[PDB]
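Below, chains carry the letters A, B, ... as their sequence lines are ordered, and counting in each starts from 1. Hydrogens, waters and symmetry mates are skipped; everything else that's a heavy atom, side chains included, is used.
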Amino acid sequence: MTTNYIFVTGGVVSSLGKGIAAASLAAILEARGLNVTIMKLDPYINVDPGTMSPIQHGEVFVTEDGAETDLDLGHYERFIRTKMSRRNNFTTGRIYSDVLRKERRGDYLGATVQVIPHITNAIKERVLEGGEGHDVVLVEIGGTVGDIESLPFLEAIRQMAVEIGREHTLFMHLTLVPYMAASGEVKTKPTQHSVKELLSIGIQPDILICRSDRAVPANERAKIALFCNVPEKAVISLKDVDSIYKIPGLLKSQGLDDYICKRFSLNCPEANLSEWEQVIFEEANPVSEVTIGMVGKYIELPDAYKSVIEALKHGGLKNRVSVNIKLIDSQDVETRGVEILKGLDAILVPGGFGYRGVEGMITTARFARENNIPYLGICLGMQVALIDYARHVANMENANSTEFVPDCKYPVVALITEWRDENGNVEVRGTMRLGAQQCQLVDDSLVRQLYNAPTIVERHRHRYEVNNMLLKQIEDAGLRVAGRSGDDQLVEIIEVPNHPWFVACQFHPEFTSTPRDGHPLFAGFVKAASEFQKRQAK
Amino acid sequence: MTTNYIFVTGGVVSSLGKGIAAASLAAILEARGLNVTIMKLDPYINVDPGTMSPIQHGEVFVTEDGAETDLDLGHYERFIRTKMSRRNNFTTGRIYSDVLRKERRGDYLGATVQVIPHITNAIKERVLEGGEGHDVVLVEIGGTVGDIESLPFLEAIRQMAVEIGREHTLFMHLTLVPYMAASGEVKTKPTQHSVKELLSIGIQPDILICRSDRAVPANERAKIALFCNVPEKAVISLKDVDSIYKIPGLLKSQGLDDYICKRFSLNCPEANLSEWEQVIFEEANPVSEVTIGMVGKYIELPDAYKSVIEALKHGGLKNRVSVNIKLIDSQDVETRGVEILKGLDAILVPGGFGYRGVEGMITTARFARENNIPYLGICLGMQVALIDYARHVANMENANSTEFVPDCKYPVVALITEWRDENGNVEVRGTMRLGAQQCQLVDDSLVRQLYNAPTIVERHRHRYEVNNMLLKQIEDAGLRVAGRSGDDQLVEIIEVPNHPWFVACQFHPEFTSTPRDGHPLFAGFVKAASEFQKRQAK
Amino acid sequence: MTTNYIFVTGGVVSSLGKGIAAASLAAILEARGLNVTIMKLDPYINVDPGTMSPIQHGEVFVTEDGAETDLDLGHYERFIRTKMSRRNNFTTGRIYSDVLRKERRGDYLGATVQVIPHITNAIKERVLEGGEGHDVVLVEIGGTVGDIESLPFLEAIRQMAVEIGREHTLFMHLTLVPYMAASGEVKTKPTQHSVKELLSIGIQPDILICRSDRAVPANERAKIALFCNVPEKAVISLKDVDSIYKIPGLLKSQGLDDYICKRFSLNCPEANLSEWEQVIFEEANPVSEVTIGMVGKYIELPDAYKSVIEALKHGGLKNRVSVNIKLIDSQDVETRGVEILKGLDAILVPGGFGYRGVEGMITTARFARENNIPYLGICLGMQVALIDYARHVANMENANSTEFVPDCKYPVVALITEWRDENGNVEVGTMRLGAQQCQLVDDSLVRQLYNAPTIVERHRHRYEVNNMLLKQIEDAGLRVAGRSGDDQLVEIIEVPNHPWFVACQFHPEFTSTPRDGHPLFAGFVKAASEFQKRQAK
Ligand SMILES: Nc1ccn([C@@H]2O[C@H](COP(=O)(O)OP(=O)(O)OP(=O)(O)O)[C@@H](O)[C@H]2O)c(=O)n1
Ligand SMILES: Nc1ccn([C@@H]2O[C@H](COP(=O)(O)OP(=O)(O)OP(=O)(O)O)[C@@H](O)[C@H]2O)c(=O)n1
Ligand SMILES: [Mg+2]
Ligand SMILES: [Mg+2]
Ligand SMILES: [Mg+2]
């Protein structure tokens with residue numbers, strides 16, 4: 001009945017996969033019947049990732065309650081069925097912002113407000129708030145042990161372990177064990193030094209997860225155990241794998257979940273990883289192959305598109321199609337033309353902001369539409385598909401979004417308060433749309449048969465809407481509105497009927513796709529890519 | 001022409017006198033003709049000390065531009081003639097508060113805002129802003145090297161020293177060298193360990209200031225030099241002294257200012273410490289002695305009254321009177337009566353907020369008034385002297401301040417917007433008063449002959465004013481308004497004419513008193529205490 | 001004429017190439033005309049490497065004065081022309097051994113002997129002994145910064161820097177900058193943490209050498225500079241290279257030696273690396289290839305044969321031949337037979353002690369002799385050749401070495417004090433270490449290859465050719481091609497009716513270098529090449 005905490009930290013270097021390891025561990029525990037959750041503590045000073053460029057730390061993930069969060073919560077939702085919310089991610093900026101607010105308005109009664117206890121107290125309160133009510137709470141600490149920015153998080157969790165007690169708290173520490181071509185050996189020295197660094201902050205790790213480009217052999221594991229006050233059976237090897245869905249099984253085969261349940265006195269049955277075995281099996285046994293081009297403006301950091309790239313792979317799983325994803329710069333389409341779009345079985349244009357690279361995307365949507373190449377557009381990818389149709393079928397020259405050209409004659413995409421027609425008229429009488437919202441699907445649409453329900457729930461993160469005042473003209477010219485939502489009847493999904501498969505939506509369906517359940521939209525997309533590839537195979 | 005920086009840090013323990021050592025060093029440099037300033041970096045999270053109880057870190061010092069600052073700026077103003085301002089003190093809370101504000105409003109252009117570089121950049125900008133335009137800038141880092149809360153300050157100044165270069169930056173590190181009765185020796189081990197801690201943050205100290213209850217002998221100084229990469233001549237002993245005015249001379253006699261001017265290539269003449277020698281001489285040669293009772297509500301931490309206690313000593317200097325200051329709890333006067341006020345040659349009631357202990361203060365002002373004991377009241381000490389006169393001479397029963405009893409018939413002290421008379425009437429048609437303000441002194445008043453000018457400038461920190469609507473009645477009953485100010489003609493100074501010396505002011509004169517120039521109000525107070533003591537000596 | 005010191009340390013992991021990096025930097029400085037030396041400080045407790053197994057330490061390098069030393073001194077002598085000696089290498093064990101001796105003697109006068117100052121004073125005195133009289137002294141500190149075992153070394157050199165002054169000392173620190181496939185980036189965090197560790201011991205590094213499996217780009221070098229109080233030009237990338245002879249040029253092109261000469265106020269000309277450029281060219285342009293089998297008992301750890309394996313590559317540089325070195329366990333020859341020797345163009349049997357695997361080496365000598373396969377035997381490789389010849393030509397059944405079969409009838413190899421004939425008659429420790437002169441026999445293959453009458457080579461061995469049984473072995477064919485000393489001990493034997501069969505008692509691999517080669521190995525590799533061509537057609 002008492003809540004147990006597993007604090008997950010990293011050492012030596014930052015990019016160890018703390019999130020994926022925590023999520024995989026959570027998936028084993030959940031498969032033992034336990035009520036598990038995960039939360040992410042980010043040391044940066046942004047109050048939240050909303051102000052962050054996608055090229056900085058990757059995509060902004062969006063929870064169903066509308067929070068903007070670190071992309072690690074995407075890994076969490078793809079590995080366990082617990083729903084993430086605002087309380088599963090917070091930053092240092094959020095902590096200080098809250099403490100400064102209490103302080104300025106007098107809540108501390110004339111006390112000197114100090115890093116210890118007031119910042120650490122605020123950290124602990126948020127950890128308990130997101131962990132409260134679960135059997136096991138995995139708490140992932142961003143940063144690298146030994147840096148300035150994570151010390152308040154570390155000191156806070158050190159204090160929690162004392163208060164709660166060691167019957168209900170574990171410290172799990174990841175480190176890099178690098179291979180040296182010199183000695184042909186992996187090296188445990190960095191792990192030794194990192195553990196001493198963690199100890200000097202007051203934290204004795206209980207489990208060591210060793211990352212390496214290969215398995216960490218027994219002798220190296222015993223030497224780590226010897227220098228780190230950790231039992232050998234708690235030194236766990238996590239080599240680089242070709243498929244993260246294998247990671248639950250790798251951790252289970254080394255008894256990591258047994259060790260945790262023993263420390264926590266949890267009596268639950270053996271983990272049933274059948275669902276992960278099934279994903280691995282599907283992935284290893286494709287029947288067919290396709291190449292899908294993803295044309296966007298953030299290609300330089302693929303993590304800008306983490307959840308979309310994963311959604312495409314889940315689409316392939318459901319179809320036994322191996323998906324080759326080709327990242328293509330939308331600005332290269334502007335420079336070099338559609339020469340670089342050839343050889344694709346489908347085209348996907350994902351979300352984005354700013355005008356840079358948008359005209360390449362409009363060009364791309366046009367290419368896909370005129371050549372009957374399956375197309376999926378997401379958010380900005382819908383805007384450019386609407387602009388394309390407006391320019392090149394509805395005969396609305398230079399049609400555009402006010403985000404890009406604020407004073408075009410044909411603002412087919414615009415904020416609601418900006419809506420106007422080609423004569424400047426308006427309707428009689430920032431609003432970021434965030435989180436889950438119901439959408440009504442139109443009878444006899446592609447998407448109504450894919451979702452096989454009259455209403456769906458999907459998540460938004462966008463400001464600019466389809467201008468209803470110019471929509472009827474584009475519809476007359478052949479475009480189908482496939483889904484709407486809200487009192488204002490905002491357009492959510494459009495379709496191009498005279499095409500094998502041409503869909504674009506305003507919401508981000510990639511945030512609800514998982515490898516175990518897939519997603520009906522991406523499954524249909526990849527299936528259409530496969531059918532195209534077989535037609536052109538003649 | 002280039003600005004030089006001396007970063008002052010402390011190790012081993014916090015209460016080393018970093019402020020007094022920095023101020024004394026500044027006084028030597030200033031006496032060599034240099035344009036010097038000092039600034040204080042506080043690791044706590046309060047945006048500024050305004051919200052801090054006086055019992056936490058001592059008095060809230062107030063600069064002439066109205067800033068609320070750490071009391072260390074009182075030491076700075078008592079040692080150098082440069083004027084302190086808002087830019088000579090800032091906190092971690094101020095740094096984060098500023099960075100969060102730029103971040104939320106988009107000033108960082110989608111970047112991840114990090115401790116390094118964005119917090120440290122903001123620290124450096126403030127250091128340059130307060131140092132810009134001086135020959136030498138002393139930068140005092142609050143906290144103890146090795147704690148979490150000071151690491152951003154330390155990393156920031158490490159980066160400054162690299163950018164500016166070591167021709168213009170010095171690290172001066174204070175440590176404790178404790179005496180062990182066991183070995184009859186002082187111990188350098190803590191200094192060794194603290195320097196390694198500072199080094200592990202990236203900072204090689206250049207000067208070591210050794211605090212101890214006695215001189216640190218040569219052999220111990222050489223051993224510190226040996227383990228700390230510091231030349232012997234830069235290991236400076238600063239024993240506990242009976243008088244901080246000796247500290248400039250102690251530091252000069254060990255060549256510390258020579259060493260600094262050599263590192264900085266400054267060609268200035270030998271320091272002329274005549275003014276400090278004169279203060280020391282006055283202090284060592286009093287003619288007479290007095291006991292002054294200070295009756296207030298914060299007696300448990302004398303630093304609640306730092307600048308007042310110093311002002312009394314400067315008053316004694318100007319008169320060659322040795323002042324014995326007796327801290328008396330105003331709440332003991334409520335419990336035990338005026339039995340504890342006997343044997344005093346003068347009574348001073350200082351500032352404060354809250355009703356707790358105020359009635360003891362009113363009682364005290366009455367005792368001093370009825371027995372012709374010299375009295376000085378400051379801010380709250382003026383309010384209680386007005387209340388006393390209102391109750392016991394003007395026959396305004398239960399007269400009080402709205403701060404304490406919001407609905408009394410006779411609110412003789414109240415916020416301007418609350419002013420009303422005993423019948424509830426008002427005038428036809430939070431405002432904290434902070435900083436320097438002109439005050440007009442009334443002809444033929446005690447204070448007009450003490451200040452010997454028709455207008456003065458003094459500093460305020462208060463909200464509650466003398467109610468003008470009830471003032472004329474108290475004046476008719478004998479009380480003299482000695483000084484006023486502003487358009488609203490607010491009462492600044494009151495006097496009781498039928499008394500040897502009874503003065504109370506609304507502003508804080510203790511913030512402009514120095515040991516070299518004294519202060520005309522306190523000088524008169526202590527002189528009146530001496531005359532009383534000689535009358536009662538019969 | 002003031003001696004400058006460069007202290008070389010390593011962080012993050014041990015196997016960074018400290019010795020090779022120091023040796024490569026010393027090569028650049030030597031190519032500017034500077035008088036440079038290098039010395040190695042090892043944290044282990046062995047008084048010296050003489051006791052260590054080659055299977056764990058690597059080979060025992062032997063200097064010309066006869067010290068047994070770390071194999072790093074082999075790299076030193078292959079990069080600069082200064083001769084190493086006992087002064088160039090010492091261990092923690094040697095330091096504690098010296099201090100304990102004075103203490104028990106009474107030299108400290110009843111003081112408490114302490115790590116500081118007495119262990120550190122002892123370390124500093126040995127550094128000054130090795131360094132004095134040179135322009136620049138590179139001082140390699142073994143271990144990894146942050147480990148217990150090298151703290152006394154680090155505290156000693158911190159103190160020296162203060163005493164000597166920073167105008168004449170530099171700290172140069174290697175680190176690992178690992179590449180993460182996750183991010184596609186190399187990572188500077190371990191360098192940041194290692195430098196803080198070095199700072200916390202009291203040492204501010206001046207130069208950071210960044211080891212990685214690829215070049216460390218400028219943004220990462222700039223980030224390292226920013227966090228480590230090191231200027232950007234003093235952050236040097238040293239990627240994994242396919243030939244260590246490229247490393248001097250790689251460091252020169254990043255200005256490393258310019259930086260050092262400035263700090264030390266040395267005005268000397270530009271480094272002329274043309275001899276290293278020639279070595280790089282030769283290695284990159286082999287005209288043919290050979291496979292040479294190295295048949296020994298320590299092949300489990302290749303570094304057991306570090307210098308032999310280098311000498312073979314030098315032999316290939318001189319003949320423009322790519323040498324393919326096949327390590328063959330001599331016990332497999334005992335178990336599986338001589339078929340594991342087929343497809344070799346030459347055969348080499350290197351040094352060793354103890355009997356395990358020796359009968360396999362004896363079988364290998366016979367095979368190479370009975371098949372006219374080029375053979376080169378070194379130390380124990382000479383004994384098995386002599387044994388093979390005694391058994392199967394001179395008809396001395398079970399001929400052996402007293403070291404292996406102490407009471408054999410024909411002890412063709414034995415200690416001098418053990419020499420006896422096959423009837424037990426006799427004539428009316430002794431570890432030979434270091435340089436010794438040898439006299440070459442006229443008309444011998446080796447007199448021709450060495451092209452002089454006398455040579456100097458280095459010994460490390462106890463067991464000699466038994467002169468009382470040798471005249472029998474000569475009459476049966478075997479030619480003595482070289483001899484040393486008063487007792488006329490056999491140094492080189494030869495089988496004349498063979499294309500190329502030489503075995504020697506000294507370790508010629510210790511005097512071979514990439515720039516000058518070695519007459520014996522150049523001839524060996526040339527003979528393998530000619531054999532490989534006759535086999536084709
Ligand atoms: N002493 C330091 C230095 C860096 N940081 C923080 O570390 C973060 C950078 O993280 P990371 O990318 O892991 O480190 P890098 O310095 O970029 O190093 P690397 O080359 O290994 O990525 C920044 O947010 C910065 O605030 C810190 O807290 N303490
Ligand atoms: N806290 C420690 C731990 C180990 N050692 C020393 O480190 C040496 C081992 O060096 P190395 O092989 O680099 O360390 P390993 O522990 O084997 O680590 P790795 O896996 O990286 O090889 C030993 O001689 C031992 O004395 C030390 O001095 N201080
Ligand atoms: Mg090892
Ligand atoms: Mg002592
Ligand atoms: Mg990075």
Side-chain angles (χ1 to χ4, degrees), chain A residues 1-11 16 18-19 21-22 25-26 29 34-43 87-90 92 95 114-175 191 194-209 224-225 227-231 233-236 256-266, chain B residues 146-149:
Chain A
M1 188 165 299
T2 300
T3 295
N4 306 283
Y5 297 84
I6 302 179
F7 304 109
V8 183
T9 60
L16 295 160
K18 290 188 285 309
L25 181 48
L29 296 184
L34 301 168
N35 176 12
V36 187
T37 196
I38 317 167
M39 73 185 64
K40 175 64 178 315
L41 277 50
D42 280 315
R87 63 196 165 258
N88 300 96
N89 184 208
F90 58 88
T92 293
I95 291 305
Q114 304 173 342
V115 171
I116 307 158
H118 302 90
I119 298 292
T120 50
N121 277 353
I123 292 165
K124 297 188 284 173
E125 289 157 40
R126 273 179 182 286
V127 174
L128 298 168
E129 185 182 8
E132 156 189 6
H134 300 278
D135 303 330
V136 181
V137 183
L138 282 92
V139 182
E140 187 202 328
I141 310 295
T144 299
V145 167
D147 274 2
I148 296 172
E149 69 187 1
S150 56
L151 290 174
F153 291 146
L154 295 177
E155 168 64 14
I157 60 177
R158 183 198 68 71
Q159 292 176 12
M160 295 190 66
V162 169
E163 302 173 291
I164 289 148
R166 313 308 329 278
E167 307 74 3
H168 310 283
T169 52
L170 289 173
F171 292 100
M172 165 161 118
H173 184 60
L174 284 72
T175 60
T191 299
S194 178
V195 168
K196 300 296 191 188
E197 182 62 51
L198 184 52
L199 277 158
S200 79
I201 282 150
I203 293 174
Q204 165 62 70
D206 297 288
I207 297 156
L208 289 166
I209 311 288
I224 295 179
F227 287 116
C228 300
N229 306 317
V230 169
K233 71 183 167 293
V235 179
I236 309 294
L256 170 59
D257 57 297
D258 282 336
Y259 187 83
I260 285 166
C261 291
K262 195 195 183 173
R263 289 288 304 265
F264 288 152
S265 293
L266 297 175
Chain B
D147 274 2
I148 296 172
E149 69 187 1

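Looking at residues two or more places apart in sequence or on another chain, you find a side chain to side chain contact (heavy atoms under 4.5 Å, CB included) between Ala26(A) and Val36(A), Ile38(A), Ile80(A), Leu138(A). Here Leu16(A) pairs with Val13(A), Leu174(A), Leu176(A), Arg211(A) under the side chain to side chain contact (heavy atoms under 4.5 Å, CB included) rule; sequence neighbours left out. Every side chain to side chain contact (heavy atoms under 4.5 Å, CB included) that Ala234(A) has, sequence neighbours left out, goes to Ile207(A), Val230(A), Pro231(A), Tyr259(A). In this view, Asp147(B) satisfies the side chain to side chain donor-acceptor pair (under 3.5 Å) rule with no residue, not counting sequence neighbours. The side chain to side chain contact (heavy atoms under 4.5 Å, CB included) test applied to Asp258(A) returns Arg32(A), not counting sequence neighbours. With sequence neighbours left out, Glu167(A) forms a side chain to side chain donor-acceptor pair (under 3.5 Å) with no residue at all. In this structure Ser194(A) satisfies the side chain to side chain donor-acceptor pair (under 3.5 Å) test together with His173(A), sequence neighbours excluded. Listed by chain and number, the residues in a ring-ring contact (aromatic ring centres under 6.0 Å, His included) with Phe7(A) are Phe171(A) (sequence neighbours excluded).
Annotation: side chain of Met160(A) is not in contact with side chain of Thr169(A) (no heavy-atom distance under 4.5 Å). Two residues are said to be in side-chain contact when any heavy atoms from C-beta on lie closer than 4.5 Å; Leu29(A) and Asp135(A) fail this criterion.
Around atom CZ of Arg87(A), no more than 12 heavy atoms belonging to other residues, nucleotides or ligands sit under 6.0 Å away.
The line from CD1 of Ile141(A) to CE of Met39(A) is 9.5 Å long, rounded to the nearest 0.5 Å. Remark: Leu198(A) CG to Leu208(A) CG distance equals 9.0 Å, nearest 0.5 Å. With rounding to the nearest 0.5 Å, the separation of CD1 in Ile148(B) from OG1 in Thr120(A) is 8.0 Å. Atoms CD1 and CG, on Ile157(A) and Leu41(A) in that order, are 8.0 Å from each other to the nearest 0.5 Å.
The list of ring pair (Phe, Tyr, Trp, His ring centres under 6.0 Å) pairs with a residue in residues 144-168 of chain A, not counting sequence neighbours, is empty. Residue pairs that meet the salt bridge (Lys or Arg N to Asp or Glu O under 4.0 Å) test with at least one member in residues 151-162 of chain A, sequence neighbours left out, are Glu155(A)-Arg158(A). Sorted by first and then second residue, the ring pair (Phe, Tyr, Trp, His ring centres under 6.0 Å) pairs with a member in residues 117-151 of chain A read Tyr108(A)-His118(A); sequence neighbours excluded. The side chain to side chain donor-acceptor pair (under 3.5 Å) analysis of residues 195-207 of chain A, with sequence neighbours excluded, yields the pairs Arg166(A)-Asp206(A), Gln204(A)-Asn229(A), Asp206(A)-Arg263(A).
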*Would you sort out whether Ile209(A) and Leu256(A) count as a side-chain contact (heavy atoms from CB on, under 4.5 Å), showing the intermediate values?*
CA-CA 10 Å; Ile209(A) 311 288; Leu256(A) 170 59; 4.2 Å; yes

_Working note: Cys261(A) + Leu34(A), criterion side-chain contact (heavy atoms from CB on, under 4.5 Å); need CA distance, chi angles, decisive distance, verdict._
CA-CA 10 Å; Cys261(A) 291; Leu34(A) 301 168; 4.3 Å; yes

*asked:* Would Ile224(A) and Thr175(A) count as a side-chain contact (heavy atoms from CB on, under 4.5 Å) here? Give the steps.
replied: CA-CA 11 Å; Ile224(A) 295 179; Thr175(A) 60; 5.8 Å; no

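Looking only at distances, no side-chain donor or acceptor of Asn88(A) sits under 3.5 Å from a matching main-chain atom of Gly130(A).
The two residues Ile203(A) and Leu154(A) have their closest heavy-atom pair at CD1-O, 3.8 Å. Between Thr3(A) and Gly133(A), the closest heavy-atom pair is OG1-N, 3.9 Å. Taking all atoms of both residues into account, the shortest heavy-atom contact from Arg126(A) to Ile95(A) is CD-CD1, 3.5 Å.
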